[PDB]
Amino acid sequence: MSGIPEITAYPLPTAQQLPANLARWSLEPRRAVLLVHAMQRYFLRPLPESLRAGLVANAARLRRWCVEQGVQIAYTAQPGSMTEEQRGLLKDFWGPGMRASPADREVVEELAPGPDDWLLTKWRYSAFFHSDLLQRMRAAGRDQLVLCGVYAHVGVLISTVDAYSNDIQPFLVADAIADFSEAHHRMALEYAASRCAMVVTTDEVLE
């Protein structure tokens, strides 16, 4: 009862297909965190292999640049086997959710965390919710957030909104996210570019 629908293959958007950004922010490595959002085996299994492959190749490219440039890396991941109390109203849309087993909860090996990277717990749509993401960013002097991962219109977008709300400038990497469908993905970008982030492609980040 995952609540996650059948996902049909679609192309990741190119720079030419992105909506116009209304903001004018510019990414500075020294100010930034890369949020690798919910790239757990359980959340990537629903993706068709072509989409999975495109997503993980770009996120990996992105992560390597970030490490080379001194961008702080952060992963969010659900603990798995949430208690009823922990699960709360996620139950109603998404069932009991993934198990606390390596097969479900592991970050996929192509994005394997390194010793210096932050490991944050995901409870709800926003990566900041009941995590110490905000506190860590403040204590690290980092006020920009680069987002990649899944699902574009759900946790990725809501995390973007929350960062924005905390006066943290977000950069949503349009082809290093994936979603339930092309339309969901496109609408997440449209929302971001006009309401809370700079929408960019992986190449655009790498310059």
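Each residue number is its position in the shown sequence, starting from 1.
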query	finding
Stretch with the higher entry mean CA B-factor, where the candidates are 108-116 and 123-131	108-116
Mean temperature factor over C-alpha atoms, higher-scoring stretch between 147-155 and 57-65	57-65
Record-listed C-alpha B factor of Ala20: chain third	highest
Modelled-residue ranking by C-alpha temperature factor, third containing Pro48	highest
Relative C-alpha B-factor of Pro170, binned into the chain's lowest, middle or highest third	lowest
Chain-relative CA temperature factor third for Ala9	highest
Chain-wide C-alpha B factor ranking for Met82, given as lowest, middle or highest third	highest
